[PDB]
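For reference, the chains in residue letters:
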Amino acid sequence: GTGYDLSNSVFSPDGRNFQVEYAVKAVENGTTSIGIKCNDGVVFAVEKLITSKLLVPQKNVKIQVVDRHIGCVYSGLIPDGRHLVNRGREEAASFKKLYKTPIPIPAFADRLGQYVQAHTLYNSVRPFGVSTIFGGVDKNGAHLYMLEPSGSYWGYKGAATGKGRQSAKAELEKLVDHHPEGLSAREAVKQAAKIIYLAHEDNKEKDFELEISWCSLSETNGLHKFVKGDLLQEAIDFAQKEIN
Amino acid sequence: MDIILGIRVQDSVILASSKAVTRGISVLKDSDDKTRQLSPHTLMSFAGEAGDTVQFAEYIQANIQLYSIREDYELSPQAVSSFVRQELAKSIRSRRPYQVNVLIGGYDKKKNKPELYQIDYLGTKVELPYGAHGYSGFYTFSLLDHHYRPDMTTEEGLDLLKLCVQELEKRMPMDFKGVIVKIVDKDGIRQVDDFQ
Amino acid sequence: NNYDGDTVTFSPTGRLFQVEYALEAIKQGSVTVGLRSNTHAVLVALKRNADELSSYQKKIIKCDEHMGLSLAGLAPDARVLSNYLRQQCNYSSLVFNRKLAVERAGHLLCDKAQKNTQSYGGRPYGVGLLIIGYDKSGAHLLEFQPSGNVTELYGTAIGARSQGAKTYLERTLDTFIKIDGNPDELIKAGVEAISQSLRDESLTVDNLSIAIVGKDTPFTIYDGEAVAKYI
Amino acid sequence: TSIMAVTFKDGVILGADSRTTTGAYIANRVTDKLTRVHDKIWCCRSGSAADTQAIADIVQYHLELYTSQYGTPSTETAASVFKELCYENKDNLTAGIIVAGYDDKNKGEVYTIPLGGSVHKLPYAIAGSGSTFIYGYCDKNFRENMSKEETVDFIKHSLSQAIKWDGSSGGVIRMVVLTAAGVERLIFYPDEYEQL
Amino acid sequence: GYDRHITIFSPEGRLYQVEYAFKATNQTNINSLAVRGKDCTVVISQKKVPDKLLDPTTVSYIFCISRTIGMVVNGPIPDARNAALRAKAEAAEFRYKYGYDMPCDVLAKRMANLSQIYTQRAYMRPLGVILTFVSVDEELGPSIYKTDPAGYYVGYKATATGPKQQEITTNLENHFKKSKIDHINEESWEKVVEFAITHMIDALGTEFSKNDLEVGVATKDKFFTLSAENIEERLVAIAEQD
Amino acid sequence: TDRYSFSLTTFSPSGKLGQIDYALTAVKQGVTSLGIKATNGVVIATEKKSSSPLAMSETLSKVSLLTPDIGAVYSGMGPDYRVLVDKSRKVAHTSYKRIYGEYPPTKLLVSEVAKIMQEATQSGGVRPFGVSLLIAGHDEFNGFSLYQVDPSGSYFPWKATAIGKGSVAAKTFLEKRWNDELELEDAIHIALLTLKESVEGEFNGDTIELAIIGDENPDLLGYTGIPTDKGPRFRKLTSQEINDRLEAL
Amino acid sequence: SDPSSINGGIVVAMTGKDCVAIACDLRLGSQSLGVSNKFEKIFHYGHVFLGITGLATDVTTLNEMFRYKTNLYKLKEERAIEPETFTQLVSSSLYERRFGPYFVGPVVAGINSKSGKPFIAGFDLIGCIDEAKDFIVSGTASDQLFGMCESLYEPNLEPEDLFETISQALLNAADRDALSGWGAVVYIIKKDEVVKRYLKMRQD
Amino acid sequence: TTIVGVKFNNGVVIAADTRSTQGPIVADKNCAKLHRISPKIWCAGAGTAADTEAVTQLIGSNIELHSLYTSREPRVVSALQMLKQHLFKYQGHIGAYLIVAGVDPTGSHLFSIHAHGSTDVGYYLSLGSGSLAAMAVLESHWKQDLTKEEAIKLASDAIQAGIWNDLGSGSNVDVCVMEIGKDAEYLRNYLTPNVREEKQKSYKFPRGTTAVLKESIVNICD
Amino acid sequence: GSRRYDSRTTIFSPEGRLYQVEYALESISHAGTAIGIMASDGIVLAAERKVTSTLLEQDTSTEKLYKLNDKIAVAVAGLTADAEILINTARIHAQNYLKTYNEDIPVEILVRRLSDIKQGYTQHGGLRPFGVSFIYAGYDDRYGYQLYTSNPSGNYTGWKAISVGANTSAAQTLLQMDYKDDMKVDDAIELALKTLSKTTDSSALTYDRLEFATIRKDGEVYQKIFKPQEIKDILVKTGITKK
Ligand SMILES: [Mg+2]
Ligand SMILES: [Mg+2]
Ligand SMILES: [Mg+2]
């Protein structure tokens, strides 16, 4: 028959949920965001399209902090990403309250995944429209995860989602091949700036602003912090050199 | 407490109720009708805690009138007594129970028989030839037990109730300011013009 | 097409249609422009009357002594959102003795709208908002869309023919961003911006509303003769 | 009841008596006051037997779920679970719980939670009725990083004095040793610790 | 026709969303096999890490439910993890309320009753996953019990699930037709792991490396997933046949 | 949440209830199960068709015990039968034993499960149960009884009947073979013959389930010392007993 | 003020050879004041008999509730409820209000229609079943009834003798209690014949 | 009330008296206090008799349901956990004190449960009013590795001590032995040492002694 | 979301009719025929079993006539399970009235309660109506003997003689032709049996396909549900069958 793509949680004769795939398309329509796991932490980066010079630069932050050690950046429908980040913050607060210890990165990943999978379980709720790359440093070291609107989430050496996800994935594969020992935190920041600058060329019609955060056991003592000032400009210059 | 008396003669039921309402050291009113006509052939006298009495009586009255309107039929006195007893029994275990004692006097037209029911604030119903609520019985019964005959006429019952009221006005530490007397018979509920 | 019945249904292209219909409802509303320097923030709105016997619908709402907003679209949804924003500012001031940050207000509005753009039986809001405020960071101007997207800008405009005012603000950005400590000059700049979006109409005392906030200047609204000096 | 937990270099040792009394009658003289909430996280219980047993069962459930989801819990995690359960229900609980655990990262740890839900991490913790009688001795005889034998001797002497003076304690001294080598259960009978 | 969208009977008396969930179960393109030893139970699943940007240690479809029950899932990882969390919570609550560890067949029956609830109530869809629980129950011995999105559950001497499941199944059948027993007559769980891997190699016809397999072993009072190195040791022992 | 508050089973313009007829059809496409009532007990039987030869058929019971003197067999959707047997086992205690201290009579337990199934056919957001049940029970006052429960929530008392694929043929054979003077062994033999008629594959004590509501078996009570408490009447026959009665035939 | 001692009253059941007996006083009063001398406390549902002692309003409410339940039971099972089943029902109904108890003392008596076994039983206000084969007593004169029964009773009495025994016990126990008396009734229950006899006693 | 439980080499036995008292008055001279949680799991009760009966029947029904659900023999630890959790839910307001013995797939079990929700484990236990006398007998005559007959004798002697030296107990002795390999044996009136002496005179009244005012037939039929 | 699957049971047609009510009436039209006749000294109920098999245990079978009260009984036409749900509710309401007023419930009160339940199912809830038609035969001291009829529409009416189920038109015509106000209960029995035998789609009217009930009269009424042997006896007596 027909009509399997009009209601959420409805399995097509193939075994698919078409509304989830449409949400994935909505994600693919979003900007490019990447995460890079280094030897002692993770680095998140995102492109912010400067639709007009009326936008206040360095403001309109896109990377959200969870607890004090988790970083999250979502590609797709930004409001849905904020909803998911708020839910994750509530989950982290609950975990810390009950077990005192801060929530581990895998636990947080599974919480977000179960939330999204529940959102893919009823025809009364729309699937999420954001792919979220998140992670941080816990007692077991660095962790980088990516979660899709289907509720599927995995741990990554490097992850990327958005319009320029393919070029970013190729550059991340190059980085993984050329660095088996692992990247350093600042090297990961420079590579994230480079990959963001390289993926902007797909939509070079309008100028963009780079936003980078990192959580490193040595560089930030395990806390999620926004890369700003001298390091951000250094990464921007590194990328500008790398393009040409 | 308030004086609530009732007697069941061969073809009528007579109800006596105190005319006095006293709050504190001041008698606020000396002409209080402590009865509610539940149905054209069923009257109910009540006494007890201030406020609860009138509230419960008017609630029962409204329910009985609603039933009579819905079914176009007057419930037998037994049915009304059972309904009010169930209400009081549900009340006793509520948060704020009703503290009301009632005497129901009716004339079963289907049986053409007088019927008198005594129910307390707990839901203890009894069908008795003569009944009383409060300390009143402690005197009146002793008279009635001797001077009550089943074949008594309404005038004989009125004289017996007058004797009971005289004994109460003699040996009671309270001035209940007379009694309003009502007669329930086949022709309905009427009020004696004067009893003293 | 077959995907515009609810906000719980995703189009094959990944588009929520009801949200776009609300945005279109905004586009057909009146024109309101916002612009801010480092010291002040101004909202200039053109109110619209049903006919010549009717009043002009109010487009600017005061949320707190340091923050206000101008509306474009459904006035009921605008009132609902402004009341929620008043409640949030009130809660901040009562529980923390703290003026609510404009950025946090934008975040709260975004999440509030997203609550409606994902659940069955709920319609998205049908109004765009321009929020001016002065918090501990300085002057702030935000544009809020019922899609849940709130963006901070030096200047912007929404409603009918808003692109003219937006382009005017883009051209005059380096000029107005430096109008610090002079309210009337920023007010005139906003009046010119909104005039850049007029067609067969002229600004009168009856159709123009202005709102100003900033350092040592609480959120004050000017209507009627109060705007005669800016026309 | 007399309970304690001592941290030595190799790990931790919990010790308790076995006398549970309903008033002056020894209800159970072989009571196992050492309860397992996780493989190497145990608790000494004092106070309401029902309350302590319910708290321990709920903590065991929560720790089993924590193991199933996120892996082996830290000693501090079990301490925090006990703290939440005791503090949030302080108006309906009368329980004092010592929690001792061993994890390879932090070696052995002891957290005492008295009435009210406050949680205090200590090198050695004492609690129960008899504890008041051994507050001095312990403070004069406790040392950090003791050996296994010296820790067993310290706990044995302290609990023996507590049993001698406090009638609410008695029976046999039960100890659970949590170390990297695992869990060891030791029992010392009256004919041994009385001669100390 | 709406008999294909919600969990209502078709004119033929069929629930089509259940069948479509069955179809979804094979989306992962991974096969799993479960077999019983003398005092153990082994599950083997294909470990496929296509993207090189993936952390291969986070790619798992075998979950440790309790200390006795393990569960291998054939189906997408969202519904897999949903069923995993629900089964873990159910086992923990069972242990708390009834004082003993939740048996394998009991957890299987509970999950199958929940799946049946999904087939009867309309507001919830079935989970496109097939769950194979394995343990060494103290009363029943080595236990393998499987549940499907239709609410059906049953125990097996050995079982297989996935796209090429049929192939594997046939192989296993033949072995039992030859062995005249209902288990693998091997005392050590290492030999049962080797048996399972060998018969999966025979059925599928492919050679597996240490990074191509997931092995979960349930012995009395424990369930553990093997590391890449233990799998490599078993593979070396298998290759050194002659 | 569950926004499906409206009924999913409604009346069609033809007067037919759609989902009820569809569940009855799904029942007709189920494995045959029969019941035969005799003078000293009742027997229920069914075919144990398994999905895979690797699967252990003993772990999946199509004949389940409801109360110590009442059992049930089915034809249709296994999971529906499992949830119904669980609900019936619980309702036996909640709506009788915990109130009257005795196990419910067969008629009342059948009525309770029928009420459950009727609510399934009428409530909001639910499809009818895709099973038909044959419940055989014994109580002290009504004796032995055999009832059939359909997805519609209706139930009928039967001297003997069958449901499933070969339902019509089985019922015809029972109509031709039944009489009101039958012993339990005679009913077991008739049931085995009807099942052999209704099965094509192997027919042994390992592929067919058969239980009896017969005499009291005190050896299955589990305790001795209470003379008033007698053993349960429900007993599922072992594979050995079925094979013996098959080799007898 | 004791909820079980405001109204007063007594009930006693005994057994014999193929017969049972249940007797009760006819007094209802508000403590010192006697109100009604026609308040019977033995009700019957089918062939089962229940005598309730205690707070009178609770007695009447329980009578109505048990009539309700027995009528529904008869319509459902298509048989009259048996004394054992009714005893279990009384116990469960009483315990259903464990923390809001009925201040009563139920006593069940009868003969099983199918087996003919005489059966009597007693309860407390929360439904504790007391299944004695000799006699059951309840009410304000519980001690006097206990003494009279333990003294007079001997098993396997014919109905004409069981009547005399239970009547003498009831009368001599009620005459020693101020809150019981004002008349008495005795039911002699056989398998197919139930007789009701009103007793002549002192009216004080 | 005097209830005891004693473990023997191949199982566990419980024993109790048969005296239910309403204050100082003996209400029932033969009240069996051994209840059946499961066919081979029994328990003796003390305290509020209604609470004991009700909680035992409720947990027995729940155990039967759990066994029909899990297709396994009921376990004493399950009944123990449910009883203790239920009692703790309703606090000490459920006045039940139980000695619960049983044999399950895991072995023999003997526990005690208090009204507030606490539980104790032991080889010999006693509860009730006469629990002290019984416990004294136990501590005087209990040894490890008891036989079936030895444990039966010890439990019966503890119950006899509770019967003779405690006013709250008396009459007869009910016993229940539960061995691992056999069914549970429920000995009703295992010992009857309190048979009433014959009365000195018969009080069968001459017929017509009672004054009857009116007789009336009661219609039981319809 | 779920709006796509709502049948909207409680809506009016453009003509002003309830769709599900009409469809339930059509469903009941295929059900068995039940006939009630109220004479001056009793009431008679006669119903035809649609379910018929040689192995159907008719001794313990009751699919058409149920006892609501010792004074009230009902003949059912339609879905038996919905009817039993409503019958349980009616018994509970009757016993509640008895407990409240210590007087047996009047027939019309119970009938109106059941009819209002049916009506509520046709105005709110979005649930399907009960596919059952009831013929109430009752007695009380106010109106004496009473015959009522209720359908899934929630409407109830009173009749001297009435029929529900299959072929109600021909049955009602025959009753109007042969009914008399002064007739006695045995005449009503004969009339009901003849109407059933003349309106049955089956070959002949036999005891296996019949349920019978008589509410007769001392100051006591007797509600007698005929047993299969009594049904065969009354059939061979009234001349419908030969023995
Ligand atoms: Mg007296
Ligand atoms: Mg006197
Ligand atoms: Mg003694």
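Per the PDB record, the structure was determined using X-ray crystallography to 3.44 Å resolution.

For chain H, the PDB entry supplies the name Proteasome subunit beta type-2 and the organism Saccharomyces cerevisiae. Here the entry title, as the record gives it, is "Yeast 20S proteasome soaked with MA9 fraction E/F". The annotation that UniProt attaches to chain H under Catalytic activity is "Cleavage of peptide bonds with very broad specificity."

Per the PDB entry, chain B goes by the name Proteasome subunit beta type-4 and belongs to Saccharomyces cerevisiae.

Within chain B one finds four helices and 12 strands. Relative to the compact-globule value of 16 Å for 196 residues, chain B shows a C-alpha radius of gyration of 16 Å, a close match. Seen through its principal axes, chain B has C-alpha atoms that stretch 45 × 40 × 25 Å. Here chain B holds 196 residues, and the buried ones make up 56% of them. Counting contacts in chain B only where the partners sit at least 6 residues apart, residues at least 24 apart contribute 62% of the total. Averaged over its 25 positive side-chain charges, chain B has a centre that lies 4 Å from the centre of its 28 negative ones.

Counting residues at the interface gives 12 residues for chain E and 11 residues for chain D. Summed over both partners, the interface of chain E with chain D comes to about 890 Å²; 54% of that surface belongs to carbon and sulfur atoms. On the surface where chain E and chain D come into contact, there are one salt bridge. As a salt-bridge pair, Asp39 of chain D and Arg67 of chain E come within 2.3 Å of each other at their nearest N and O atoms. The interface formed by chain E and chain D contains three residue pairs in polar contact. The element best represented in the side of chain E that touches chain D is helix α2 (residues 77-98) of chain E, accounting for seven residues. Class assignment for the residues of the side of chain E that touches chain D results in six nonpolar, one polar and five charged.

Attention now goes to the sheet that holds strand β9 (residues 213-219) of chain E. All names here are of chain E. One open sheet accounts for five strands, arranged β8-β1-β2-β9-β10; its pairing is antiparallel. Only two strands of the sheet have a single partner each, and these edge strands are β8 (158-161) and β10 (222-225). Here the strands of the sheet are splayed against their neighbours by 10° on average, with no regard to which way each runs. Both strand β1 (residues 32-36) and β8 contribute to a ladder of four bridges, which runs antiparallel. Along β8, the bridge assignment pairs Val35 with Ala158. Each of β1 and β8 touches helix α4 (residues 165-179); the most contacted strand, β8, lies at about 165° to it. Those strands touched by helix α5 (residues 189-204) are β1, β2 (40-46), β9 and β10, and its axis lies near 35° from that of β2.

Residues and elements named next belong to chain D. Interhelical geometry of helix α1 (residues 49-70) versus helix α2 (residues 75-88) gives an angle of 135° and a closest axis separation of 10 Å. One way to sum up the angle between α1 and α2 is to call them oblique. Between α1 and α2 lies a crossing of right-handed hand. Contact with α1, carried on its side by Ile55, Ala56, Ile58, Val59, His62, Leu63 and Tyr66, involves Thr77, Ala78, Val81, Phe82, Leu85 and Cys86 of α2 and no other residues of that element.

Turning our attention to helix α5 (residues 184-198) of chain F. Residues and elements named next belong to chain F. The end-to-end C-alpha distance of α5, which contains 15 residues, comes to 21 Å, matching closely the 21 Å that a straight helix rising 1.5 Å per residue would cover. Burial in α5 covers these residues: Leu184, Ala187, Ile188, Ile190, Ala191, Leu192, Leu193, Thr194 and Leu195. Where α5 is buried, its residues touch β1 (33-37), β2 (42-47), α4 (167-177), β9 (208-213) and α6 (239-248). N-cap assignment for α5: the residue whose side-chain oxygen lies 2.5 Å from the backbone N of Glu185 is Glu183.

Moving on, we come to unusual backbone geometry. The backbone of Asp67 of chain A sits at a positive phi, close to 60°, despite the residue not being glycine. Tracing the sequence through the fold places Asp67 of chain A in the loop between β3 (64-66) and β4 (70-76). According to the relative accessible area criterion, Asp67 of chain A is partly exposed, its value standing at 23%. With phi around 60°, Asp145 of chain H is a residue other than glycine that occupies positive phi space. Topologically, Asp145 of chain H is positioned in the loop between α3 (131-141) and α4 (148-165).

Residues and elements named next belong to chain D. Mapped onto the fold, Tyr102 is located in strand β7 (residues 95-103). Given the relative accessible area of 10%, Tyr102 is considered buried. Note: C-alpha distance between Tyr102 and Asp51 (51 residues apart in sequence) is 25 Å. If sequence neighbours within four positions are ignored, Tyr102 has contacts with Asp10, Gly11, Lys40, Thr75, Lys107, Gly108, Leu178, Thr179 and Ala180.

Residues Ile34, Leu210 and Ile212 of chain A, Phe133 of chain E together with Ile37 and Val100 of chain H are the most contacted members of the largest nonpolar core, which totals 109 residues. Excluding residues that lie within four positions of it along the chain, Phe133 of chain E makes contacts with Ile69, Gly70, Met71, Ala87, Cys104, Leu107, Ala108, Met111, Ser143, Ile144, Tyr145 and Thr147 of chain E. One finds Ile3 of chain B, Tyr96 of chain F together with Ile81 and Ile129 of chain G within the second-largest nonpolar core, a separate group that totals 54 residues.

Turning our eyes to something else, we now look at the coordination of the magnesium ion (ligand 3). Distances from the magnesium ion (ligand 3) to its protein donors, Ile163 of chain H (O) and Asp166 of chain H (O), fall within 2.1 Å. Classification of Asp166 of chain H by relative accessible area gives buried; the value is 16%.

On the surface, a cluster of negative charge is contributed by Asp222 of chain H together with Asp70, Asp218 and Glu220 of chain I. Relative to the helices and strands, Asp218 of chain I is located in the loop between β9 (210-216) and β10 (222-225). By relative accessible area, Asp218 of chain I is classed as exposed at 87%.

What follows concerns the interface of chain G and chain H. In this assembly, 42 residues from chain G lie in contact with 36 residues from chain H. Note on chain G versus chain H: buried area summed over both sides is about 3300 Å², and carbon and sulfur give 57% of it. Counting every contact that joins chain G to chain H gives six salt bridges. In this assembly, chain G and chain H are joined by 18 residue pairs in polar contact. Among the elements of the structure, α3 (142-152), α4 (159-174) and β11 (194-199) of chain G are those that each provide at least two residues to the side of chain G that touches chain H. At eight residues, α4 of chain G tops the list of elements feeding residues into the side of chain G that touches chain H. Looking at the side of chain G that touches chain H residue by residue, the classes come out as 16 nonpolar, eight polar and 18 charged.

Once contacts are tallied for each of the 19 pairs of chains in contact, the highest total is for chains G and H. Chain C shows no contact with chain E. Their nearest C-alpha atoms sit 13 Å apart. In this assembly chain A lies apart from chain G, the nearest approach of their C-alpha atoms being 35 Å.

Residues and elements named next belong to chain H. Counting across every chain of the model gives zero disulfides over all chains. This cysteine, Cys43, is not joined by any disulfide, and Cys176 carries the nearest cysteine sulfur, 10 Å off. Look at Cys43 and you get buried, because its relative accessible area is 0%.

Another point: the UniProt feature "active site" in chain H. Residue and element names in this part refer to chain H. The sites that UniProt annotates as "active site" are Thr1. If you trace the backbone, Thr1 turns up in the segment before β1 (2-8). If we skip the residues at most four places from it in the chain, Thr1 touches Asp17, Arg19, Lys33, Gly45, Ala46, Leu127, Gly128, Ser129, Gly130, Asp166, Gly168 and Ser169.

Cut-off values and rules
- Along every chain, residue numbers run from 1 in sequence order, not necessarily as the entry numbers them; residues that have no coordinates are omitted.
- For naming, the first written chain is A and the first written ligand is 1, with later ones following in the order written.
- Although these chains sit within a larger assembly, the values stated refer solely to the portion shown.
- Heavy atoms from the whole structure form the basis of all side-chain values; hydrogens and water molecules are not counted.
- UniProt positions are given in the numbering used here, feature names are shortened, and annotations may be inferred rather than shown by experiment.
- Elements are defined by DSSP. Helices are runs of H or I of four residues or more, strands are runs of E of two residues or more, and each kind is numbered from the N terminus.
- C-alpha atoms define the radius of gyration in this analysis, and the globule rule sets the expected value at 2.2 Å times the number of residues to the power 0.38.
- Between buried and exposed lies partly exposed: a residue is buried under 20% and exposed over 50% of the maximum accessible area for its type, with that area taken using a 1.4 Å probe on protein chains only.
- We call two residues in contact whenever any of their non-hydrogen atoms come within 4.5 Å of each other.
- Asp and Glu are treated as the negative residues and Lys and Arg as the positive ones, with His and the ends of the chain left uncounted.
- By convention, the point assigned to a charge is CZ for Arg, NZ for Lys, CD for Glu and CG for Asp.
- By buried area we mean the combined loss of accessible area, with a 1.4 Å probe, across both parts when two parts are placed together.
- Any carboxyl oxygen of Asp or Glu within 4 Å of a side-chain nitrogen of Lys or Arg constitutes a salt bridge here.
- N or O atoms within 3.5 Å of each other form a polar contact, as long as, within protein, one can give a hydrogen and the other can take it, and as long as residues adjacent in sequence are counted only when both atoms are side-chain atoms.
- Residue classes follow a fixed rule: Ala, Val, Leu, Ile, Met, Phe, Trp, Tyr, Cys and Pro count as nonpolar, while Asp, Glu, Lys and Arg count as charged, and any other residue, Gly among them, counts as polar.
- Two strands qualify as a pair provided DSSP detects at least 2 bridges between them.
- The axes are straight lines fitted to the C-alpha atoms, using for helices just the contacting stretch, and the angles between their N-to-C directions are given from 0 to 180°.
- Any angle from 65 to 115 degrees is called roughly perpendicular, while one under 35 is roughly parallel, one over 145 is roughly antiparallel, and all others are oblique.
- By definition, turning the near helix anticlockwise from the far helix through less than a right angle yields a left-handed crossing, and turning it clockwise yields a right-handed one.
- The span one expects for a helix is its residue count, reduced by one, times 1.5 Å.
- The set of buried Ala, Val, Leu, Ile, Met, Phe, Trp, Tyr and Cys residues whose side-chain atoms join them within 4.5 Å is what this entry labels a nonpolar core.
- The rule for donors is simple: N, O or S, within 2.8 Å of the metal, or within 3.2 Å if the metal is Na, K or Ca. Water isn't counted, so a site may look like it is missing partners.
- Patch building starts from residues that exceed 30% relative accessible area and form no salt bridge, then joins like charges within 9 Å and nonpolar side chains (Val, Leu, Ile, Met, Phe, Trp, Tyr) within 5 Å.
- Using a 1.4 Å probe, the Shrake-Rupley method yields the accessible areas, and only the shown protein chains count as cover for residues.
- Note on disulfides: each one is a pair of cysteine sulfur atoms within 2.5 Å.

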